[PDB]
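K.L.:
first chunk of the complex, coordinates as they sit in the assembly:
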Amino acid sequence: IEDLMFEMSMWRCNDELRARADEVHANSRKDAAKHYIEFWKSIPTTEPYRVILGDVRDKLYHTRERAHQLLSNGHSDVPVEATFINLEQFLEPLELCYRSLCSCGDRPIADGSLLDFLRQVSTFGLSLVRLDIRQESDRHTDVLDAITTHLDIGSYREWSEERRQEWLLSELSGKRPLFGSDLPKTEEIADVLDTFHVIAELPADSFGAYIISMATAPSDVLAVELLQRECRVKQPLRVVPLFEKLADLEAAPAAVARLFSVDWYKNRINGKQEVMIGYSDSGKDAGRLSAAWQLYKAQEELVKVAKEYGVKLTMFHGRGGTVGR
């Protein structure tokens, strides 16, 4: 950002960027500002891009300081309002500078360092990569089983698929909390629940998708949705099944179609669904040729199902480095 401030030395802007830069220059904080090396004096309105990008620099300095303290120590005194909390609170000022340069005839300048910076923001965001979470279904089933046993309503494990779907749906549409603080948990159970609490405590744009290993039925997906909402995940991330064993790939389209048949899930999914297709274990229990062919068929019929339900399907290919995987 400091070099970007150095470049944007123009004086022509719109009425818009003029008004915004004047806004920043009003609350300019006439101070020493000696924590920066360059531009420690209050930036004059003669160069408005430097005003706006100077504010961008302030919020970047405080975002970095907050992330550094949050990482090093378990807490931070930095005010959240002093940082960039939104993915495009960051983008807004830079977008404005772009509109200004283009409007005043300076589009070549805008399509330079400012454009590179824009694409870097809109590609890497506030956390370079969105993190995926993966977990095997049996662990979720263990959790739910502890929940139903502690609630004295039965044992989720012994329950048939139908029962799982009905119960999970009633709990998802219900408004009453499920488990409590006094739930008897195992180290595994506490592991998965604590992962959901960590997901809840952290910003939403730092996460990607929750991938379920050894997924076979809609009950596993609805299980992850229920566990997410119940651990108070403010913005729950999308759930995605992982079909890796040949048996799971042969029957995957049927299962995904049954999942789309649940109207509550099709109405929360918002026309977008992602499903993962593993390549490692497919050619391990069966032949390499048989695995490849079944993978092709699987992709084809998954797209067929998604078209049948009007859902935009994005497929997640778990490809390896070696041809064997």
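P.N.:
Everything's here; your move. Numbers count the residues shown, from 1 in each chain, chains lettered A, B, ... in the order given.

K.L.:
any buried residues in the helix or strand hosting residue A:62, and which?
P.N.:
Taking DSSP states H and E as the criterion, residue A:62 maps to helix A:48-72. By 16 or more other C-beta atoms under 10 Å, the buried positions in helix A:48-72 come out as A:48-60, A:62-63, A:65-66. Heads up, the C-betas are built off the backbone N, CA and C, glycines and all.

K.L.:
against which helices or strands is it packed?
P.N.:
Packing partners of helix A:48-72 (3 or more C-beta pairs under 8 Å, 6 or more residues apart in numbering; DSSP states H and E): helix A:2-7, helix A:15-26, helix A:91-103.

K.L.:
what sits up against the first one?
P.N.:
Looking back up the chat, that one is helix A:2-7. Identification of contacts with helix A:2-7 by C-beta atoms under 8 Å, 6 or more residues apart in numbering yields A:36-39, A:50, A:53-54, A:57, A:112-114, A:117.

K.L.:
buried sites along that helix?
P.N.:
In helix A:2-7, counting by 16+ other C-beta under 10 Å, buried: A:4-5.

K.L.:
that helix: how far from the chain's middle?
P.N.:
Using C-alpha atoms, centre = their mean, to the nearest Å, the mean C-alpha position of helix A:2-7 is found 31 Å from that of the whole chain.

K.L.:
do the same with the second one
P.N.:
Between the centre of helix A:15-26 and the centre of its chain there are 33 Å (C-alpha atoms, centre = their mean).

K.L.:
what's the angle from that helix to helix A:91-103?
P.N.:
130 degrees (axes from the mean of the first three to the mean of the last three C-alpha atoms, to 10 degrees).

K.L.:
all strands for chain A, in order.
P.N.:
Applying DSSP state E to chain A gives strands spanning A:131-136, A:207-213, A:239-243, A:272-278, A:312-318.

K.L.:
in the fourth one, what's buried?
P.N.:
Within strand A:272-278, the residues that qualify as buried are A:273-278, counting by 16+ other C-beta under 10 Å.

K.L.:
go on, the last one?
P.N.:
Across strand A:312-318, burial judged by 16+ other C-beta under 10 Å covers A:313, A:318.

K.L.:
ok, now the second one?
P.N.:
By 16+ other C-beta under 10 Å, the buried positions in strand A:207-213 come out as A:207, A:209-213.

K.L.:
reformat those as CSV; add distance to residue A:143.
P.N.:
CSV is the format used below for those (distance: C-beta to C-beta, whole Å):
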residue, distance to residue A:143
A:207, 19
A:209, 19
A:210, 14
A:211, 17
A:212, 13
A:213, 15
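
K.L.:
most widely separated two among these?
P.N.:
Across those, no pair lies farther apart than A:207 and A:213, at 17.5 Å, counting by C-beta to C-beta.

K.L.:
report back the residue of chain A that's furthest from centre.
P.N.:
What lies farthest from the middle of chain A is residue A:46; by C-alpha atoms, centre = their mean that is 40.4 Å.

K.L.:
can you add distance to residue A:295 and give the contacts of helix A:2-7 back as TSV?
P.N.:
Listed next are those as TSV, based on distance: C-beta to C-beta, whole Å:
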residue	distance to residue A:295
A:36	54
A:37	55
A:38	55
A:39	56
A:50	55
A:53	49
A:54	53
A:57	49
A:112	44
A:113	44
A:114	44
A:117	40
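
K.L.:
which of the helices and strands packed on helix A:48-72 sits most buried?
P.N.:
Comparing the helices and strands packed on helix A:48-72 by mean neighbour count (mean count of other C-beta atoms under 10 Å), helix A:91-103 ranks first with a mean of 19.

K.L.:
include chain B as well:
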Amino acid sequence: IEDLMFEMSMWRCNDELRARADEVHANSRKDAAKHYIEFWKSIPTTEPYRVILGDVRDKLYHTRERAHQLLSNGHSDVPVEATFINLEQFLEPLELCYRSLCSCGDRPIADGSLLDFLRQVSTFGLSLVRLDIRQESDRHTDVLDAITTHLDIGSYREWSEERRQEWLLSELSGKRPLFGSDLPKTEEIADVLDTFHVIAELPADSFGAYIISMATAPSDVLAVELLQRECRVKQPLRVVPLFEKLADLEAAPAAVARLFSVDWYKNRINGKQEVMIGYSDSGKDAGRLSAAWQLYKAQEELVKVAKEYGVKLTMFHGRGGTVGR
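P.N.:
So that you can see how it sits with the rest, here is chain B on the chains above:
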């Protein structure tokens, strides 16, 4: 405490108090300790009572500092382990000094300032008075009605007494949480729920009894027990009905007997039950003679009921200053 330290200048003690004094003198913190005016030097083991009572002074200093910060601000950095948290964590050292003085032939000395201090501790505790909470039954009913409506299971107000009892018992014996963060509350509803949260945040020995105004049935008591358990009141305070109007005194023994009839409640009540008997409003709607006589009859038949259930009844007389109340 500092004057008590000055008096206890004996050098004879038991082996018990000797060993304890050596313990305190081991972790004696050889420091300047200049925050006190007197006894800022590490107290020598020659006067063991001064060692022990000096430690008492440290924990009292940090208990006072903690309470002062908790009140003044809203939190305290004072470690709880540095204070007196128990009603008789305080009592232990003083009881020890007493046993020691008595063993060494100094019972007269022990029955002096040390005995006064003992009685003051065991009478006023860490908070001079135990606080009662009182609230009218209709407000608890409003809360529960909001909870059952928000849970879409009916309306607690419209429910008969029987149904209220069965539901409340099922929730009290159940282990699943009731309402949640998203329960629609009124300013009154939030008032009562927030009082239970305040009770939950504060020490148990700072509270007394929860008195229910206009109490008529076991459901009124069980309602408060449930709200206590559900607002995470770690040590719930005893629930006590208040019969003040002549109609309520006429029917108080029947209601208390009906409450003792619920075995679930009698087995938690631990053989002790308190019920309040107001005196103001009785002689206001009916005669003074009639009210007095009905009060007498009420006390008599309540004792009969409690004796019949093997419950130690302690009656709370809401007497006024004027004979009219």
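
K.L.:
ok so, going back, quick check, the residue farthest from the centre of chain A in contact with residue A:11.
P.N.:
Yes. When contacts are counted by C-beta atoms under 8 Å, residue A:46 is listed as touching residue A:11 (6.1 Å).

K.L.:
who are the neighbours in contact with the closest residue to residue A:168 other than its chain neighbours?
P.N.:
Excluding the flanking residues, the one nearest residue A:168 by C-beta to C-beta, 6 or more residues apart in numbering or on different chains is residue A:222, at 4.2 Å. Residues in contact with residue A:222, defined by C-beta atoms under 8 Å, 6 or more residues apart in numbering or on different chains, are A:164-165, A:168-169, A:172, A:262, A:265.

K.L.:
redo the residues you listed as CSV? Include neighbour count.
P.N.:
Output for those, formatted as CSV (neighbours: other C-beta atoms under 10 Å in any protein chain shown):
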residue, neighbour count
A:164, 21
A:165, 19
A:168, 23
A:169, 18
A:172, 16
A:262, 18
A:265, 18
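
K.L.:
between these, which is closest to chain B?
P.N.:
Proximity of these to chain B (C-beta to the nearest C-beta) peaks at residue A:172, which lies at 14.1 Å.

K.L.:
in this structure that closest one contacts residue A:228, no?
P.N.:
No. Counting by C-beta under 8 Å, residue A:228 is not a contact partner of residue A:172; they are 10.1 Å apart.

K.L.:
okay but residue A:212 is in contact with residue A:239, surely?
P.N.:
Yes. At 6.8 Å, residue A:212 counts as touching residue A:239 under the criterion of C-beta under 8 Å.

K.L.:
identify the contacts common to these two.
P.N.:
A:221, A:224.

K.L.:
give the contact list for the residue of the stretch 201-325 of chain A found nearest chain B.
P.N.:
Distances between the stretch 201-325 of chain A and chain B by C-beta to the nearest C-beta are smallest at residue A:232, namely 8.0 Å. By C-beta under 8 Å, 6+ apart, the residues touching residue A:232 are A:197, A:200.

K.L.:
circling back: tell me how far the helix holding residue A:62 is from the chain's mean position?
P.N.:
Centroid separation for helix A:48-72 versus its chain: 22 Å, with C-alpha atoms, centre = their mean.

K.L.:
what do you get for stretch A:294-309?
P.N.:
In terms of C-alpha atoms, centre = their mean, the centre of stretch A:294-309 is set 25 Å apart from its chain centre.

K.L.:
also stretch A:303-311?
P.N.:
Stretch A:303-311 sits 24 Å away from the centroid of its parent chain (C-alpha atoms, centre = their mean).

K.L.:
contact partners of it?
P.N.:
Against stretch A:303-311 from outside (C-beta under 8 Å, 6+ apart): A:253, A:256-257, A:260, A:266, A:269, A:271-273, A:312-313, A:315.

K.L.:
look up how far residue A:137 lies from the residue nearest to residue A:168.
P.N.:
Distance, residue A:222 to residue A:137, using C-beta to C-beta, to the nearest Å: 11 Å.

K.L.:
same check, this time on residue A:5
P.N.:
With C-beta to C-beta as the criterion, residue A:5 and residue A:137 are 51 Å apart.

K.L.:
ok, now residue A:23?
P.N.:
From residue A:23 to residue A:137 the distance is 53 Å (C-beta to C-beta).

K.L.:
next one: residue A:148
P.N.:
For residue A:148 relative to residue A:137 (C-beta to C-beta), the value is 16 Å.
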